[PDB]
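Two forms of the same protein chain are encoded below as C-alpha cells; each is given separately, as structure 1 and structure 2.
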Structure 1
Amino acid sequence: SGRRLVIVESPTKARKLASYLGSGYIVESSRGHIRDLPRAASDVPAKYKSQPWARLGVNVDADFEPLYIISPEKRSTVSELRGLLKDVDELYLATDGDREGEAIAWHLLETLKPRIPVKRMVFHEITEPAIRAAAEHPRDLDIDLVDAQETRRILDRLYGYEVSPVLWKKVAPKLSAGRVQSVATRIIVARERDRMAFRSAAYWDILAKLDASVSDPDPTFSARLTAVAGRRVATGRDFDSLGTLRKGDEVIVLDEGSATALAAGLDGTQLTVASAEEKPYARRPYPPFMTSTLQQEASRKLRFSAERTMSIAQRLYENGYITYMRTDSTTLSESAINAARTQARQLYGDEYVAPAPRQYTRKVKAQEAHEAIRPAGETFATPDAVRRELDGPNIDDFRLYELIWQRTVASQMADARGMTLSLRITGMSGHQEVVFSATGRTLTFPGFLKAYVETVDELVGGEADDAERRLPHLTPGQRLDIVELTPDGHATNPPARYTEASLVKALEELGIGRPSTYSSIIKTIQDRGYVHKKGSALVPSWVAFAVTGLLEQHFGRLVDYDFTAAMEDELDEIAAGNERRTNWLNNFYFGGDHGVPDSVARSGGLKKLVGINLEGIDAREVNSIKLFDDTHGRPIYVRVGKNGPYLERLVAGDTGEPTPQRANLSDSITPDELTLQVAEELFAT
C-alpha cells in the first residue's frame, strides 16, 4: 500500500528516477514498444489466421482495426510488469511525450489493464523541482496522438506489405519496398544515373606565381586568369552535366594551345591592380550534436559507420557519460549551457566564450521529448579521466566522447570573425586586356574553431571551415611582377556518390527517417541487396535500378521525396483533432478526394493500384535496364535474371535476326564505370 508504479522506456532513466524518488515508488522500464502488428503469418493468432486481411494484420474492411500482439522479446517484460502491478495503488505512465511515447503508454494500458488509478506524465529534467511539477500536474492520455501514431504504423504496413509482393512477382522474391527505404534507395540510384549520364568538359586557364616589390615592399602568392577582352574564361560551373556550355555566349573556354600562347604572350608585363574590396565575415558556432550530426561528424572525422557510432554512443549513455543519443533537438538546459560556459572559459579563457546565451532551438511541435547529446551531469567529466577510464579493445568510446565534449563546449563560444581579400589584377598580353583574380583569407579570432572544426565531406570535398590563405596587402594601381606563368587544364567532374554521412543528412533534410532508425535504413538497404559499399561510397545495385524504376514508373507518388512530409502534414491534423483516424486512411487505401492531385487517393487508392498493376506490369520491361546504344545503334541492356545480372543486346545472327547476345557482369563493376567500351569487352570475352 502507498507504493506507486512508474513505467518509462529506458532502464537508465528508470534507475535515475528511482534514485531521485526513493521508497514508495517502483520504477520500471518497458524497453520501448511492447506490442506490434504480427511480423509474419506465424505471429497471427490461430483463429485470425484464415481471416482475409491477416496477411496485412489490419482489418481494412472495417475501419482499419489493427491486430496488436505482444512482441515475443518483450513477453517477459510484460510478465513482470503485470506481476508488479499487483502490490501498488497507482500507476504512473511516464513514457516520453512524443507520438510513439503516447502510443506506448496506451499499449501499456491495454496490456496491463489496471484497476487502479492511472496518471499520464512526462519527466523532462531529472531534478526534484521538475519531477515534482510533473507528478503534481498530471494530464490525460492523448487519444488524438495515439490515433496519429496508429495511422502512421498502419500506413507503413499497408505500403510495405502491399507493395513488396509486387516486387516478388515482377522483380524477385524476398525483396522489399517501404516509405523510407525505397526513397533512400531511390536517392542513391538517382545520383548514380546522374553519374552515368554525365559528360565531362575540358577547360583551361593560367595559374601565376607573383611577387610584391613595386607595391608596398612589405612574398610569393598565386593568381588565376579570369577574363579576356571583357569575356570571362570558362570554369567548371559554366558547363552543364552534358558538357554543353551553359546558356551563356558571354564566356570563352580556353584550351592548351591558347593558354600556352597567352602564357608566353607577355611575361614582361607589369600587372596593375584594378579593383579591391574587403569582406569580413561573422560565422556562428555549430549547434550541439543531435543523432544525425553526430553520426555525420563521427563518420567524417573518426571514420565510424552509423552503426558503430550508435553502439559506442549506447555504451556511453548506459554508463552515464553522455545524454540520450537518439534525439532530434539541439536545445540545452541551463545546467549544460553554464557547464560548457565554465569549461570554455577554463580551457580557452574568458575572451573566447559567448557573450550572449547561445541557445539553439529548432522549429517543430512546444514539446521537446529530448535534448542534444551532451556530457551528462552538472559537471562535465574531463576527457582525460574518460581517457584513463576507457582503455582496452575499445578506445573509440573515449574518442567519440572527446568529440561530443568538444562540440558541446564549442557550442557556447563566441563567433569567429576573420577577413577575406578580393584581389583583382589587370593587364594586357599580346594586345588583349587580361583580368586576373585571386582570393586568400585569414581568421582574426578562431573563436569556437579553437575547440571544434567541422570536417569537410570525403567525396564532396571543399574548403575547411578554419582554412586560411595568407597574402600581402595591395592598393589600387600597385604594380606586380610576374614570377612564373603556368597553364592549367581542368575537366568537370561527375557529382559525388553518397557516403553514410551525406545519405543521412539528405534523408533528414527531406524529413524522412528518425534518429532511432538512421543506421537501420543503411543496414536494411545493404541487406536487401539494393546498396553495397565501395570504400566509403554507397553504390546501388542493378536490382536496385529495377526496383527503383518499377516504383517511380507505377507507384510514383509513393516514392516522391515529399511523400513523407505530406503524410506528416496529415498526421498533425489527426493529432490536432481536425481529421479522423480512418478518414485519410480510407481515402489512401480505397480512393477519393484528398490532398495533392498526384495523391494515391485521387489515383483510386493503393488497393486499386496494386490490383491493376499486379496484372499489367511488363516484367521484361521492369527487368531490362536501358544503358546506351552501341556504335551500330543497337540497344544494350542490363537484364536482372534469376542467375544474376547479365548484359544483353539484340544481334543479327545466322538466318538474319534477331538473336540475344549476353555477357553477365561481376558485381565488382559499378554502374557508372561500365561504359560502351567496357560493355563490348564484356561482350567480346
Structure 2
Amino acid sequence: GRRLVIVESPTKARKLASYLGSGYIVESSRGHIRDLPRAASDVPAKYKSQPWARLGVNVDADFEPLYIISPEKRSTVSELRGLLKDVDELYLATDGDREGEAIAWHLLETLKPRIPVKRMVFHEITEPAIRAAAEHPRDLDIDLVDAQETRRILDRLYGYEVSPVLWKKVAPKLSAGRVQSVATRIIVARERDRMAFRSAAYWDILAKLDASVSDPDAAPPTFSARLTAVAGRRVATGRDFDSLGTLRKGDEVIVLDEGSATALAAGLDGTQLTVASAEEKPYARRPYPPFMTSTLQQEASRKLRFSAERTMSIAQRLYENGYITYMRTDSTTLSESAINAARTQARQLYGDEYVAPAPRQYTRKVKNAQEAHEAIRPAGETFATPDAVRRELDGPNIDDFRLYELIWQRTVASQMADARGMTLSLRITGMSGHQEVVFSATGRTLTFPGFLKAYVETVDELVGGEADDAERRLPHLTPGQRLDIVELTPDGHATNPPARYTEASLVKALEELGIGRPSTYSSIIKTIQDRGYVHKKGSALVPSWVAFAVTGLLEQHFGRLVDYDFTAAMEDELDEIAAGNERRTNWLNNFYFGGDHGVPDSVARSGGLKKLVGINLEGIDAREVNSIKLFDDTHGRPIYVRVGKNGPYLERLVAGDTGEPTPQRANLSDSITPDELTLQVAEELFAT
C-alpha cells in the first residue's frame, strides 16, 4: 500500500508529506536530474563514437538530444530507483509549467517505472489542494515537454555557434546568451541615448499667491502657480526640447532666460493677479489588478528594494511553505474562493463602504492555461492573516513576511472600491507692463481613497513622478477674483537625460517587448550582472564597457540575433509549440538550417543560424570591436575606450617626439559610468 511522490525540493517534500500522510513516501530530486553533456567526460562510452556527442544534439537526425545524468545527481537517481522497488504507485508532483513537466518526463525516462504513474498538478500547497491533485491526476503534457526541450536545444545550438565569435572578436571566457544579450542591448541603448543627450535651459516664474483678502475663507489661503503664457505665446517647458536640446517642430513658444524672466517679474511686482478660470473635474481610479510575476517583481523592487532574484527566492519559499499560490504566472485571475476572502478581509479591515459594489474579476488571457491558473495571492480558502504570518516568519525570515504582506495587501485592495476625487485647474492672469501673462496651477483632491487605503503603487526611483494618492490642495476660486502676489521667483531649469533602468523598469520593458517570460525575468536580470555586462549604481543598471563591445559586435554583424521583434517572435513560437500548434522538430529545423517559416527577414527566413553566423569573420577587426567611440577632443582627435585584457582604458592618437601615430593612454574602472566620462573628464585623466 506504499506510494512514492517525487518533488523538486526538500522543503516541498516535507510540506507535501505533512498533507498526504500515511502510505505516501515523499522524496526530493534536487530539480533536474539529466541535462546535455557539459564536458567530454559526461559522454558515455556508447556515444563516444558519435562526433556530435559532446555538443549533445544530433542536428542531422531531427535534433535528437543526448541526455545524461549529471555526476552531482547520480546519487539522487540511485536512491530514487532504490525506493521505486518498494512502492505500488509513483506520483510525480513537480510544478505544473513546462519546466516542471520536463522534470517529470525526465524522471519517467530515467526511472523507467513498471507501476502505475499519476501526475499531480497544483498551484498552491494546502491540504485540500494537495489532496485534490492526488485524486485527480493530469496526463503528462508532451507539448509542454517539447517546448522546454526546444528551448534547451536552441540555447545549446546558440552557444555553440555564437560563443566562438565572442572568443575571437571580444574576449575569451565570454559566454553567449541570446535573450541576455537583448536585455543587455536595452541597457546599452539607454546609455548611448544618455551620452548623446544635450541639455537645454529654460526659465519661467514661480509665484506664491494669497486669496485671503478677496475670500477670507479660502482653503488654503495661499498657493503656488507657474507662468504659462506671455502675450499669447506659450512658455517653453522641458517637453518642448528634443534630445539635442533644440525646440521640437510643433506649435510656437517662447524660451525665456534669466534676464527675460526677471524682467517679467519686476514688471509684475506691484500688481494683483486675477482668477480667469477655475475648473473642477471629478476622476475615478480603478484598483490595481492582483499580482502576476512581472508586477510583483516590479513592486517588490520599487517598494521593498528587493532585486528580482531576491523576490523570486523569497516567493519560492512562501510558495513551498504553503503561504502563497504559484509565483510564476502571467494570470491576474482570482478564484471565487479568493475573491470572497479578499472582499471579506477588506470589509473587516476598512468598512462596508470600502468594498467594491459587485465582486471584481481580473480575467486577462494567459499564454498557456496548463502552466498558469491564478494570480499570485495568499494560499488557502481563508488567507493566513498578516499577524499570524509575521509571528511564524519572524527574525531570519523577515523578508518573507514583508513579501507576504505586500501580496496580501495587493489582493485585498484589488477587491476594494474606486478612488474618487476632483482635479483642479487654474488660469491666473496679470500684467507685466506691456504684456499680458498667464499663470497656471493644477490640483488634485482625494475625496474618497478607496483601495488606496490598502495599497498604493510606488513610483520608480529614477523616473520620478506622483503617487496615486498624492493631493494638491487648492482654494475654491471664482472668475474675476483678485489675488495677491506674495512672492515672485524667476525659476531656471534644464532638460534631463532619459532615466536609466532600475530592475523594476527593466522587467517592465522586457514584458512590454514580449521578450521576458514569468519564468525568465529574474534569471535574465541576474545573469547580465553576474557575467559582468551590467552593474548597479544605486538602484540604476549601468552597462560595463565590455557590454558595449559585445552589443556593438552583435548589432554590426549579426543584427537579427539581437533585434527586439525577432526575439519576441521566437518567444511566441516556443509558446506555440507548448500549445501544440507548432512542432519541435520543424521549428528547430527552420531555425538552425533555414526554412520558409517565420516572421519575414528572421534568422529562419535568412538561411538559418548556421549559415548566418558562419560568414567570413576575418573581415571583422577585433581591434575595432573593442573600441568604443566617445568623442573628439578640442583638436579634432578621436578619443575611444579600449576594452583590453587588463580591462578598460582610454586611448587617443597624438603627436609624439617624432610625430604621429602615437597612442596616449589612461586607465579606467567602474567608478566612471559611460555618460559621466565626458571630454572634460577624459582630458583630466590623460594628464594626471
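Counting starts at 1 with the first residue of structure 1 and goes up one by one along its sequence. Just so we're on the same page, rigid core means the largest C-alpha set that superposes within 1.5 Å between forms.
Sole residue of 432, 127, 442, 439 shifting 2 angstroms or more in CA between structures 1 and 2, core aligned: Of all the options, the C-alpha that shifts by at least 2 Å belongs to 127.
Would you say whether residue 7 is displaced between structures 1 and 2, judging by a C-alpha shift of 2 Å or more on the superposed rigid core? Indeed, residue 7 is displaced by 2 Å or more.
Is residue 287 displaced by at least 2 Å at its C-alpha between structures 1 and 2 when the rigid core is overlaid? No, residue 287 moves less than 2 Å.
Taking the rigid core as the reference frame, tell me whether residue 631 has a CA displacement of 2 angstroms or more between structures 1 and 2. No; that C-alpha moves by less than 2 Å between structures 1 and 2.
Shift in Å of the residue 568 Cα between structures 1 and 2 [rigid core superposition]: The alpha-carbon displacement, core-superposed, is 4.2 Å.
When the rigid core is overlaid, by how much has the CA of residue 319 moved between structures 1 and 2, in Å to one decimal? Value for residue 319 between structures 1 and 2: 1.1 Å of C-alpha shift.
For residue 22, what C-alpha shift in Å is seen between structures 1 and 2 once the core is overlaid? Reported C-alpha shift between structures 1 and 2: 8.2 Å at residue 22.
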